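Computation of the quantities below employed the complete heavy-atom set of this structure, encompassing side-chain atoms and omitting hydrogens, waters and symmetry-equivalent molecules. A, B, ... follow the sequence lines: proteins, then strands. Residue 1 opens every chain.
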Amino acid sequence: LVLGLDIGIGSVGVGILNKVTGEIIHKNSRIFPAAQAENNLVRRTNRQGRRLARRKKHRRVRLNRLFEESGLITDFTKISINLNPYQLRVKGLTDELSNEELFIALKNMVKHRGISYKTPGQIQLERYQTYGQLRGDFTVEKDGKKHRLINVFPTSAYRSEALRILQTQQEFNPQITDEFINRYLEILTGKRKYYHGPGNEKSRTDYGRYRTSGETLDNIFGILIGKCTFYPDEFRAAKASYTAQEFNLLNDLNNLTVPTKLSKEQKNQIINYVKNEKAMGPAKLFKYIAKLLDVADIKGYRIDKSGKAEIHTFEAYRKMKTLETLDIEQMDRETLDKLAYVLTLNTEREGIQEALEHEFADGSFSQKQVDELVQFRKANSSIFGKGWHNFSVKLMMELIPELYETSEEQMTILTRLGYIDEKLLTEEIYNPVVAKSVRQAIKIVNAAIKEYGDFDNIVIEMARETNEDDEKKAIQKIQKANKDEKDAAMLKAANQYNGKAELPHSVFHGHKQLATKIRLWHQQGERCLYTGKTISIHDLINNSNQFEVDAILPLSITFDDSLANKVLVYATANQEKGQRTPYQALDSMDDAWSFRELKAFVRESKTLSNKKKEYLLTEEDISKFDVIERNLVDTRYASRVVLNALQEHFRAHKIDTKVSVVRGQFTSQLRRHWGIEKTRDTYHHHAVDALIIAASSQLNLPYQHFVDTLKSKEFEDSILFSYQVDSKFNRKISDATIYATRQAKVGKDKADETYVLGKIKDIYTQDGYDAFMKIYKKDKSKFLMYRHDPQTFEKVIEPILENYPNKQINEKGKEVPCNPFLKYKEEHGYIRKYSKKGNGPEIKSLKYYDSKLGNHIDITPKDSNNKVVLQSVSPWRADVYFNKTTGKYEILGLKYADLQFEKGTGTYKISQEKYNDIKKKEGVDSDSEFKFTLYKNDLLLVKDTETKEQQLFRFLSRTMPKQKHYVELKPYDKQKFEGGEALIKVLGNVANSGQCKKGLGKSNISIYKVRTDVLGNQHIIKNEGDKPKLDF
RNA sequence: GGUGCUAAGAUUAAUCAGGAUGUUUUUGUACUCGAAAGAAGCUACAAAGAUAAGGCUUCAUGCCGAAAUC
DNA sequence: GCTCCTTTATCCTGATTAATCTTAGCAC
DNA sequence: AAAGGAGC
Ligand SMILES: [Ba+2]
Ligand SMILES: [Ba+2]
Ligand SMILES: [Ba+2]
Ligand SMILES: [Ba+2]
Ligand SMILES: [Ba+2]
Ligand SMILES: [Ba+2]
Ligand SMILES: [Ba+2]
Ligand SMILES: [Ba+2]
Ligand SMILES: [Ba+2]
Ligand SMILES: [Ba+2]
Ligand SMILES: [Ba+2]
Ligand SMILES: [Ba+2]
Ligand SMILES: [Ba+2]
Ligand SMILES: [Ba+2]
Ligand SMILES: [Mg+2]
Ligand SMILES: [Mg+2]
């Protein structure tokens, strides 16, 4: 029997076939949408955002306790919030402030303490006075030109400003001690080291340094260093360690071939020669082996991308011999390997200093020698940033001798010396998508082996190329052209800056991305492609903050993190671009060149790549909800791990189940060669792909039989499906929009109602204006201004709609719908609120009554005159009951937001009383029998009692709170329904809108839960237990 | 075809430290109404508060909450 | 009650560790 | 993609 596997990011196709007969024994499709674990990006983003906001709020709490302890303010209730803190930040610079005015000035400073990778207050206040606003990024007029500002300042300048304030206060006030000044500046300027992370000695967290086990790490990334290829409980050596340098050159030398393999002695010559000579390269070493022992006679050396020969040259050692306050020759091996550990992993003074103190014996270093090691590590980031060797040192020491003694390379030597736990298999893998699909692929083969015994062969499709030589040469030419323009960009940055042919290592400190910034910089003709302005190398390197690397098509939508989706632009031009493509954004941007100019530049030049040109000019209105390379990387990763784990399992246990490999491009043409047809948008193709995989393996060796069986029209209608149920609570609970509500009468009601508000963020975009007219043609009274400012609406905005075009002839002589608000803007500036003396504020956003408040989460401030809510509440599970009096089913729906952390306990749970309240409000009778609980992707069987039809569905959720017992379902064999698809008569047909929403509380109904193993074998469940499971 | 070491070129993953926003509440100022006191809560700016629902203990460079465990 | 229709926050700056392909040079 | 009020 032969087992095929098509492992993917959200599916694994399974299929078995009796090799002699060619008969199909099992076909199956295992599904687990990869979108669930791909959301980890959202989880990390939100965890990090919460930490930034937690600490910003903690900064002003820490400031409160500082003012309390100093005895300057005890009562924080009478603290005004309507004075100008920016002006007191200027007054305090020279004149005396009240303690309340000082606390307002410093609290304002702590909430915007600037970047750290005329004082700021005076720059901010001047923007307050001359343009009426300071925050965010906005446009300002600059003598005919529009310029862009943003409230971003160095933390150094904020600290500089605050210091002058408090020192000036000190001469007026004595309660302001030197310690008070010290403690505040740490509140203001304090940051955590990136290699420490969260926590404190009492606040244990395994995200950071203070581990819950009680251990305190020096650097939280040390534990992430890889393990040895053969010693899984041994960390690997630094590239710059002595052990790894000796192993590297030793194996380099034996892989040469010489007229006289080199002898044992012959290597120690070269090792000593290169170790004690200062300058060393590949030629000059070979120039020594040849001209001192014919370089053309030596062969078997690894070659450059370009074609230069290369070899290991103890580069790390030579540089470490240059140290003046220490002598590398005076240190033994494990001390020099340990030194390279510390200097590879740590990039900061304190991290190195702490690691030296805690890993070496107390008398091992002096301050001056750690002082030199600090300056040394920074000056050689290019060497200690190269990472780690694939081997531990332990293994190399069991290998370096025998590489001296014998002429064999590492592969040759290791030969000489000589069911799957899916969780341990994926214990140390930090990619939840790869870790999941691997875990799914192994759970299957274990169940396949249980039901069938071992197999002659288990075949895994791989996505590796097979290329002929024209093509192969076709890859290195490109990979070499890639390395060529980086050098070309660096060389050019060097001459433009230094005039020399190399940039000083001083410029890359705290700015390792410069090598890439320069590369895109060179590709954009040294011009920012949104401003049309030149980017001077001096400005870039010398003033790095003025620029940012924009994702051309924003990553929120595309997830395309390649170079071809990146451009170096001025920072303000990237912030104004926002979550938009240049096409959507450029013409609307105030400080920017026209999209036409950008088009011209892009087509005109010979610097941008082919794919970079499409992305900069796609007039495609891409969107986040329109019906990626991570998929390819992770599929390769998952399939591989499964393969290796299978081979190694069948040797260490000697099962002699062969394990073969097939490539995707071969299966694709085979499927074309055979009579294989793919059903549109269906999960069937994962299964039959796996049978093409199993079949590929027995090709050398009933063949037509298998195919005919396969071709059978009747074949698909009996392929099995199994889905991974999701029981997890505490997923994303709702949409993020925070909604206001008001009491109003809208449309057909004559009783005040609670309406959720909506708002048009900017009426000067086309999307902003089209939204305006949809609401306008339907019911102008929806706009809150219509009701609360009819003068502005009737005497400003209605004339504008009347007297400005809503369309226009474009560049191409094609009528395009234009925006009357926008066309007024270009002429008179912003539409302004109605006023007698032309004094009204500008108009940018319009709130309107949207929809009636229904289901929601209440986040209402005690302060608020109206409720504030969150909407689109996501569901967790549905509890199925049955009422004997009515003979109908009653379905209770639980949402993530029904569970919470219990005060006091800290347990995440729902209580019976709340569960009983939900049970009531959902129409479940308190005297009704519990039947089962359905989670997402569980499967249902819905039977009609009267006509005996039955349909198998998978569960999604309980939908529509108002419509009791209503449930959204999904298909058994595909991702979604199309719409109008016929179901059993009781449920009619699925809504043409696509979503299958049916109520299951009708009399004529029968529903059972269906479990499957990962193979597709179904079990009918008609009752699970006496009561629902609520163990927490 | 699998695999080991090395180097490069491409992609991507996990995790940490920070910035500036956005949403909404309240207040102030402006705009509108009013003789003012104020009203209205639109519109703009500023400040203060909340920012997945919600929790923790050790009182702080405090900690956890959208993944995985099926 | 059953189906149609609208709706849905984001841009960056530092840093480390790991993976998978694809070329190369050697090899079981 | 799916919540759920709008719309009838
Ligand atoms: Ba803005
Ligand atoms: Ba020396
Ligand atoms: Ba590195
Ligand atoms: Ba080919
Ligand atoms: Ba909107
Ligand atoms: Ba939603
Ligand atoms: Ba190979
Ligand atoms: Ba007045
Ligand atoms: Ba007044
Ligand atoms: Ba008021
Ligand atoms: Ba704010
Ligand atoms: Ba909270
Ligand atoms: Ba109704
Ligand atoms: Ba809605
Ligand atoms: Mg961008
Ligand atoms: Mg649809």
Side-chain angles (χ1 to χ4, degrees), chain A residues 6-14 28-40 422 432-433 435-441 443-444 447 681-687 719-733 873-880 889 891-896 898-899 931-942 950-960 965-978 981 983 987 990 994-998 1000 1007-1022 1024 1028-1029:
Chain A
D6 187 10
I7 311 173
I9 67 169
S11 49
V12 157
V14 198
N28 159 20
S29 250
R30 177 57 174 189
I31 310 280
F32 47 103
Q36 224 166 237
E38 291 189 298
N39 278 337
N40 185 72
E422 68 271 357
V433 183
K436 176 179 291 189
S437 43
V438 167
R439 235 178 286 103
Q440 309 287 309
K443 282 194 175 189
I444 286 176
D681 306 21
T682 299
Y683 287 149
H684 285 311
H685 73 314
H686 296 130
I719 300 180
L720 308 184
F721 294 89
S722 61
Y723 293 80
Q724 175 76 68
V725 185
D726 177 23
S727 322
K728 159 171 204 300
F729 50 67
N730 197 32
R731 302 205 178 271
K732 152 151 125 160
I733 62 172
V873 192
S874 290
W876 177 33
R877 76 186 212 184
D879 293 347
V880 175
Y889 290 87
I891 311 197
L892 184 167
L894 282 179
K895 301 192 160 274
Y896 300 121
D898 294 323
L899 281 67
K931 301 273 296 165
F932 35 81
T933 290
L934 300 152
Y935 297 90
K936 164 163 172 189
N937 279 339
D938 251 330
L939 305 157
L940 284 75
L941 195 82
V942 186
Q950 39 181 271
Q951 191 140 7
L952 178 83
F953 299 99
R954 57 189 171 101
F955 190 73
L956 185 66
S957 61
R958 152 88 178 99
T959 338
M960 317 160 159
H965 325 112
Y966 252 69
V967 157
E968 180 162 1
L969 315 175
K970 299 265 245 180
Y972 171 49
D973 52 332
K974 52 175 175 177
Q975 173 190 99
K976 59 186 178 168
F977 288 109
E978 286 175 64
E981 306 190 37
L983 319 163
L987 319 170
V990 50
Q995 281 172 281
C996 179
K997 296 177 171 148
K998 304 298 178 170
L1000 301 188
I1007 316 156
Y1008 322 127
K1009 164 143 157 213
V1010 177
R1011 175 128 58 221
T1012 72
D1013 56 32
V1014 310
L1015 300 160
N1017 301 128
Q1018 314 175 355
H1019 318 316
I1020 289 67
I1021 301 182
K1022 312 193 189 182
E1024 287 191 341
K1029 213 89 200 98

task = With the side chain counted from C-beta on, respond yes when A:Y972 and A:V1010 share a heavy-atom pair under 4.5 Å apart, and no when they do not.
result = no
query = Could you walk me through whether A:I733 and A:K895 pass the side-chain contact (heavy atoms from CB on, under 4.5 Å) check?
reply = CA-CA 8 Å; A:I733 62 172; A:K895 301 192 160 274; over 6 Å; no
ask   = Can you tell which of A:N937, A:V725, A:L939, A:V967 makes a side-chain contact (heavy atoms from CB on, under 4.5 Å) with A:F955?
value = A:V967
inquiry  = Using modelled atom types and a 3.5 Å cut-off, is there a donor and acceptor pairing between side-chain atoms of A:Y935 and backbone atoms of A:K728?
reply    = no
request  = Working to the nearest 0.5 Å, report the span between NE2 of A:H685 and CG of A:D6.
outcome  = 8.0 Å
inquiry  = Taking the side chain as everything from C-beta on, heavy atoms only, tell me whether A:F721 gets closer than 4.5 Å to A:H684.
reply    = yes
message = Between A:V880 and A:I1007, does the side-chain contact (heavy atoms from CB on, under 4.5 Å) criterion hold? Intermediate values first, please.
response = CA-CA 9 Å; A:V880 175; A:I1007 316 156; 5.8 Å; no
message = The criterion is side-chain contact (heavy atoms from CB on, under 4.5 Å); which residues satisfy it with A:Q995, sequence neighbours excluded?
response = A:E968, A:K997
message = Do A:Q36 and A:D726 make a side-chain contact, defined as non-hydrogen atoms from C-beta onward lying under 4.5 Å apart?
response = yes
message = Between A:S29 and A:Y683 (side chain of the first, backbone of the second, donor and acceptor by atom type, cut-off under 3.5 Å), is there such a pair?
response = yes
key: Rounded distance (nearest 0.5 Å) linking atom CG of A:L940 with atom CG of A:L1000   = 7.0 Å
remark   = For A:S437 and A:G8 the tightest heavy-atom approach is CB-O, 3.2 Å
request  = Write down the atom of A:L1015, the atom of A:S722, and the distance for their closest heavy-atom approach.
outcome  = N-OG, 4.4 Å
task = Could you grab the distance from atom CZ of A:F32 to atom NZ of A:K436, nearest 0.5 Å is fine?
result = 7.5 Å
ask   = With no hydrogens and no angle check, is any side-chain donor or acceptor of A:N28 less than 3.5 Å from a backbone partner on A:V1014?
value = yes
task = Side-chain contact test, heavy atoms from C-beta onward, threshold under 4.5 Å: evaluate it for A:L899 versus A:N730 and give yes or no.
result = no
task = Output the distance between atom CG (A:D973) and atom CG (A:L720), rounded to the nearest 0.5 Å.
result = 11.5 Å
key: Partner set under salt bridge (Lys or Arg N to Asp or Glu O under 4.0 Å) for A:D898, not counting sequence neighbours   = none
query = What distance do A:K931 atom NZ and A:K1022 atom NZ have between them, rounded to the nearest 0.5 Å?
reply = 8.0 Å
task = Drop me the distance from A:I891's CD1 to A:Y966's OH, to the nearest 0.5 angstrom.
result = 11.5 Å
Sidechain-backbone polar pair: A:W876 side chain, A:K936 backbone, donor-acceptor under 3.5 Å = no
inquiry  = Taking CZ in A:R731 as the centre, count heavy atoms belonging to other residues, nucleotides or ligands within less than 6.0 Å. Is the count above 12?
reply    = yes
query = Does the side-chain contact (heavy atoms from CB on, under 4.5 Å) test come out yes or no for A:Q1018 and A:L941, once each step is laid out?
reply = CA-CA 11 Å; A:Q1018 314 175 355; A:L941 195 82; over 6 Å; no
ask   = Taking all non-hydrogen atoms of both residues, which atom of A:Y1008 and which atom of A:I1021 are closest, and how far apart?
value = CB-O, 3.3 Å
ask   = Do the side chains of A:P1028 and A:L892 get nearer than 4.5 Å, heavy atoms only?
value = no
query = Under the side-chain contact (heavy atoms from CB on, under 4.5 Å) test, which residues partner A:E978, sequence neighbours left out?
reply = A:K974, A:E981
task = Report yes if the side chains of A:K732 and A:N39 come closer than 4.5 Å at any heavy-atom pair, otherwise no.
result = no
key: Side chain to side chain, A:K443 and A:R30, heavy atoms closer than 4.5 Å   = no
ask   = Are the side chain of A:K1009 and the backbone of A:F932 linked by a donor-acceptor contact shorter than 3.5 Å?
value = no
ask   = Side chains of A:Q724 and A:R439: does their closest heavy-atom pair fall under 4.5 Å?
value = no
request  = Could you tell me whether the side chain of A:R877 and the main chain of A:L934 form a donor-acceptor pair under 3.5 Å?
outcome  = no
